[PDB]
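Novice: Numbering-wise, PDB author numbering puts 4 at position 5 of the sequence shown, and it's gapless, one number per residue. We put the beta carbon where it would ideally sit given N, CA and C, even for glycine.
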Amino acid sequence: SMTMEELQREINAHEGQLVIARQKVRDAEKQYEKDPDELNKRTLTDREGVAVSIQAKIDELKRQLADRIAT
């Protein structure tokens, strides 16, 4: 239900979000190391999970796109 152009835009949008997400992991790391309390720990772990999940969506979108070039 996506054109090829839509699929590529969706890949590019997620790739942008990944870069932003990894930045927020870096910041949450330093915050955690400055002050390693439970809330700062939780926030780092959640920032990490967000990066993992975006990467998984990118992987899936790229798999679709590859399969359609093949198709």
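My output table needs one value for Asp-26: the three-state DSSP class, helix, strand or coil.
Specialist: Taking the first residue of the sequence shown as position 1, residue 26 is located at position 27. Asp-26: helix per DSSP, three-state reduction.
Novice: With a threshold of 16 other CB atoms inside 10 Å of the CB of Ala-55, please say whether the residue is buried or exposed.
Specialist: To locate residue 55, count along the sequence shown from 1; it is residue 56. So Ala-55 counts as exposed.
Novice: Might you give, ordered along the chain, the residues of its own chain that have their beta carbon closer than 8 Å to the beta carbon of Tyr-31, omitting 5 neighbours on each side?
Specialist: Within the sequence shown, numbered from 1, the residue matching residue 31 stands at position 32. Excluding residues within five positions, the ones whose Cβ falls inside 8 Å are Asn-39, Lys-40, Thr-42, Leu-43.
Novice: According to the neighbour-count rule (16 or more other Cβ atoms, all chains shown, within 10 Å of its Cβ), is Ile-53 buried or exposed?
Specialist: Here residue 53 corresponds to residue number 54 of the sequence shown, with the count starting at 1. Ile-53 should be labelled buried.
Novice: On the premise that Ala-65 lies in contact with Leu-17, defined as a C-beta separation below 8 Å, what is that separation, rounded to the nearest angstrom?
Specialist: The residue you call residue 17 lines up with position 18 of the sequence shown. The residue you call residue 65 lines up with position 66 of the sequence shown. The pair is not a contact, with the Cβ atoms about 18 Å apart (cut-off 8 Å).
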